[PDB]
Each structure stands twice: as structure tokens, then as C-alpha cells.
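Only one chain comes next, encoded as C-alpha cells, the form deposited in one PDB entry.
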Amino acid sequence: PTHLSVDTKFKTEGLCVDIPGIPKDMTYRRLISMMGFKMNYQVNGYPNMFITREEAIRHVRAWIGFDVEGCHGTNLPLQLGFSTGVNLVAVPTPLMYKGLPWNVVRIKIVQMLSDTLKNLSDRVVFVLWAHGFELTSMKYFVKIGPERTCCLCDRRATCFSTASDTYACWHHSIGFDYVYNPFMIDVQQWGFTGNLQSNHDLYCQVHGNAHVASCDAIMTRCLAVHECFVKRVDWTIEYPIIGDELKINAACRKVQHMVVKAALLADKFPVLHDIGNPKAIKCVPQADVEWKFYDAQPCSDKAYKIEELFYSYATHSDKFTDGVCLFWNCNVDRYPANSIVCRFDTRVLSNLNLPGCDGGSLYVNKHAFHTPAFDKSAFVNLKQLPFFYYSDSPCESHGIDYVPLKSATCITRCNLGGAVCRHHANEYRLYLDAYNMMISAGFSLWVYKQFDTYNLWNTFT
């Protein structure tokens, strides 16, 4: 009970308009056979082209929605749509390409999947709302067999070349013509009523239906992300390191300590209200302040309503207007004016951040976090937090080659005295690096309007 048994039943009702007469009684084994593939009773790490929900959720970085529409089955041209927004027309002889034979279409499919996936995943998972033409199209661009390694590296093979008779991963596949050992999941097997559009549109207003294959491909993946990461949420599932996950997370800890430490020193709040992750620890353990925690899990669907977070259930309940509120990746509709905020910007392009449901994004860094669409109006009571580095640490090198640092934003005794010491120059440059990492990863920082770094210079005298 890890992989999907090929002897599992497959409901064929979705198939029966493209494939009239299809048996009601159907297994994956029989379906794979009718798709023109032979598994040869093979114990070589590829037991089934189709995978479980649980397996798909572990391989979310690999999801490519895929849809095929009859254009006029051997008779007629097929429109191939992918969640990348690409439409290819294959002839048997929003990006929309003219009709070409399979021998050239399959080359474009490998190039497209390789460019999309090489920095994301070791595989492809085709996310289907299966009606028949998508499954019958696979024999024309897919080959299967035993698990293999790349000819040029140690990564599992994802592509095959009929020219060279060799196997490549996504990194090494230029000129390859076949997708090799793809995986796939039919969303329609999950038990929905009515068509794709009617189910997608319950949850999402951002993906229209232009009645083209890529639109269905996008809607199919969106619906799948909704089901697996919005309505259902599993934070136990770990995901491999593929990028700067570790640097970004370190940077996040450093910036959070820096900004909160400086807010307490500058404005001397007697109480801090720490709203969000119930596992959260004091980010400034030495600070004078009354530190009060409020538990809120990461919201995957809609931003929290500040009315419901701060709702008073009895008298003598905490005054959130006293001191300052820390919302560190706690996404709310509208922050109060007395807030310090870190808010993930869902629009950011990275390998960590996958497109999500209804303008949200699926941010995958150790764990998967569906994040509600970034909204600028949430920040109306605040301003953007400007970059600064602050330290009360002694000017003292210890233990890196130097250009003397000149910066208005290096808030240290040494800079107060007109000359930045080597230690604080090294720390400044490391912190500016951490800060830039975190920003470019898509985090945005917001602060109460009265916040002024000028107030920090008098914390040394």
C-alpha cells in the first residue's frame, strides 16, 4: 500500500463521450493496455503510469495539467493544452501554435517540459480531467520501461531519443523526442458531480474558460491544487531542497530578529502581540516587553478577517491597540496601524513558488503552503519597512577582505562616531545579503507609520 495497484478500478463514465462503448468495469491494467502501453509484469520501479493522491501531493512540483480537444482520432487534428499555457495542434498527416505532425510536436513537448521542470522535479505528473483524447494521445509522445538514469548524469531519466537510442533527465534532454516514464492522475476519479468548469469556478475567479485546451489544463491543475492544498492541508509532508530554501529561512530569522528588536528600541512598546504560528518562539528573547502569543495556523484559502482574529469572547480580553502587533506571515484582510508585518507576495516568480488557486500561490519550502493572493489594500494603515542594519554589539573584529563601508543605513556606535569598524561592515554586508535574499524570495515587510530609524541613534550615548 505505497503505489497505486494496476488492479484498482477506474471509473470510465468521463471517457464514454470520446470513447463510446467503453466497459463500465475497468482496471488501470486494462486502461494502460488500451492506451497502447505494455508493462510486461515488470518489477523495475515503474509499477503504474497512474499514481495515488498521496503520491501526487509529494510530487506537486511535477504537476502539469494536460488536456486534449478534438479539432475537427486518426481522422482529425488534436489540440494539446498544458498548464504552461501552451497549445500545440498535432495532425496525423494563451499561446496557440499551427498544426504539425507528431514527429515535430513530440520534440516541442520534451523541450517545454524540460525547461518548465528541470529546476522543480525529477519527474512529470500529468494532471488530467480525463475524457479520452488525452489518454489516446500519449502513445504518440510517451515511451515507458524500467527506471533508468540520465546518459550524462545520476538523475533519473525523463526523456528518450529515437535518434541516439539514449535517456536523459530534464537538464540533458536537448534534441530528445519522447517523454519517458511520465506519471499521471485523473482528477475525475476523485468523485465530483458535473463538469470541470462548474467544479473549478466554485473555488476560483482568476482562470477563465476561453474554450481552448490550455484553459482546461490550467483549470484541472487549479482544481487539483484546491483539493490537495486549500480544502485539505498536510504540513507533515517534507519536500526536497531544490534552491535557496536554507539561506531564505535563515535570512527570515535574521530580518525578523533585526526589525522587531529595532521597533522595541525605537518606540519602547510595553506589550507585543505575536499573532500566527502556534509553534512561534520570542524572536527577541532579551527585549524588555510583555510578549503575548495568539495561535493562528497559516490560512490556505482566504486571508483571516482581523474582526475574527481580534474578536473579544469575554471582558478583560487583550487590548490589541496597546503596544504593537507582530504578524510574521500571518495573512489578514487589513492590518491594524500598530503592526510589524511580513507578508509573502504570491505574484513572485521562483522555483519555490508554484501557481495556485484564485490568485493564491503554492509556496513549497520544506513544507507546502497555499497562500491567499497578495492584496495591497491589506497594508493601508502601514508603510513599507525601509532597509536598515542596527547593532549594539561591540566594535571588535575577532578570528574576509575589506573596502571601508559608507552607508547612512548602518546604525552602529562606529558609524555614529563617523567611521564604520571592520566587524560592523562585515555584519552589515552579510545582513544586506540575507535581506535581499528574503525580498527576492517574495517576502514584503510593512511597519507602523511612526517607525523612524533616527530614534535608534540614541540607544548608544
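One-based numbering along the sequence shown.
There is another form of the same protein, the form solved in complex with a small molecule; it is not shown, and what comes next is about it.
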Q.
Considering non-hydrogen atoms and a 4.5 Å limit, does the small molecule approach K383 in the deposited complex?
A. no
Q: Please check if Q79 has a heavy atom lying within 4.5 Å of any heavy atom of the small molecule in the deposited complex.
A: yes
Q) Would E55 count as touching the small molecule in the deposited complex under a 4.5 Å heavy atom rule? A) no
Q.
When the contact criterion is heavy atoms within 4.5 Å, does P394 count as touching the small molecule in the deposited complex?
A. no
**Q.** Partner-contacting position among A168, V110, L128, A213 - heavy atom within 4.5 Å of the small molecule in the deposited complex
**A.** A213
